[PDB]
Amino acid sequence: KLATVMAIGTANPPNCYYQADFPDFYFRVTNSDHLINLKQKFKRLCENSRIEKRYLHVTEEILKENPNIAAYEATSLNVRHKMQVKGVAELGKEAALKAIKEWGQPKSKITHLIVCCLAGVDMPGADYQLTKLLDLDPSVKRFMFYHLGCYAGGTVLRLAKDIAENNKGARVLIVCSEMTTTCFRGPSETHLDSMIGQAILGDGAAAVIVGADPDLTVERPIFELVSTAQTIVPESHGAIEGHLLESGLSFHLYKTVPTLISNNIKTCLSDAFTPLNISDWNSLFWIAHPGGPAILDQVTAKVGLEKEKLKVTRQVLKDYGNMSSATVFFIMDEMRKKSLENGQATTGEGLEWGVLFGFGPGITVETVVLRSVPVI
């Protein structure tokens, strides 16, 4: 009896930012309207990001009250931290409540809680905060993950799988709450690594309920977690780096990131699917972390995927941007929704087997083999 995802709930900050209007917003609020040459470079990044809109906690009012966040490098961690700790908990609570509702069982039956946040370090953490906010059992077994990054959607499922399968009746609530107020900063002519994140990164929280041996009279399976793997891509040292500085979280990505990830996908697919006797990558439903448009294009190209395979993945990048660890769950959620709307036989686009990919710092690739559930 495999660990099964039986509920998905999502949340995003109320402030919607249309990408077509973002280069004008970003340069105005950071008082960088005089940098014409750097504005054309950001317009190029935003138009080629394949993102239509993002939901961010940062507003014009927040940047006016805190001018140290509007600059590139300034001593601003304390003011970012205060908003980040409160924001991850608030967004996480909303996503959790939606997941708990779909699940259909009372929150008192949650035995384990896994919380994953890109940033927002606090002792006690977001896991404790969510236990209190959701009024969960004080004896809920918690796991708190700070600063893992974009691959963490796979990490939390990898963890939930072992918890659910080794503990009879265990019901795991996973909350991936990503907020980018920690990494929001002004542009600089001397730096070109941190400006890419201002165009691609979005905020969002996703929560899922995982459990083995579903009570089919009330619980409704969505996807089964068949196997999980984690690997470090060969010759990728220093490719995706993130440092929590006094100026907040700073991301440094090599231009080789899409090539390193894509050239390693066939190896991850082979290691995961050979014991299941599967070789056709187009026979699988795909949930891949959309780190950027280039990663998706190169994965499609090198693996030999048809245009419709990463359709849901691309749609989520288009509607929300890169929300780090939470993104794969928004894709997972939208996949079963679109599958139902298209009248398909399973939650995974009518297909039986599938794959979830998390990409991030290392370069780390999390490979989760999924099995869909039949839909009437």
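We number the residues from 1 along the sequence you see.
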Selected stretch [higher average CA B-factor]: 102-110 or 213-221 | 213-221
Segment of higher mean CA temperature factor, 296-304 or 272-280 = 272-280
Which listed residue, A74, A170, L134, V233, has the largest C-alpha temperature factor in the record?
-> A74
Out of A239, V175, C183, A89, which shows the largest CA B-factor listed in the entry?
-> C183
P124: CA temperature factor from the record, placed by chain third, in the lowest
Would you mind ranking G202 by its C-alpha B-factor against the rest of the chain and naming the third, lowest, middle or highest?
-> middle
Assigned third (lowest, middle, highest) for the C-alpha B factor of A288 = middle
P187: CA B-factor among chain residues, third -> highest
Binned into thirds over the chain's modelled residues, the C-alpha B-factor of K39 lands in the highest
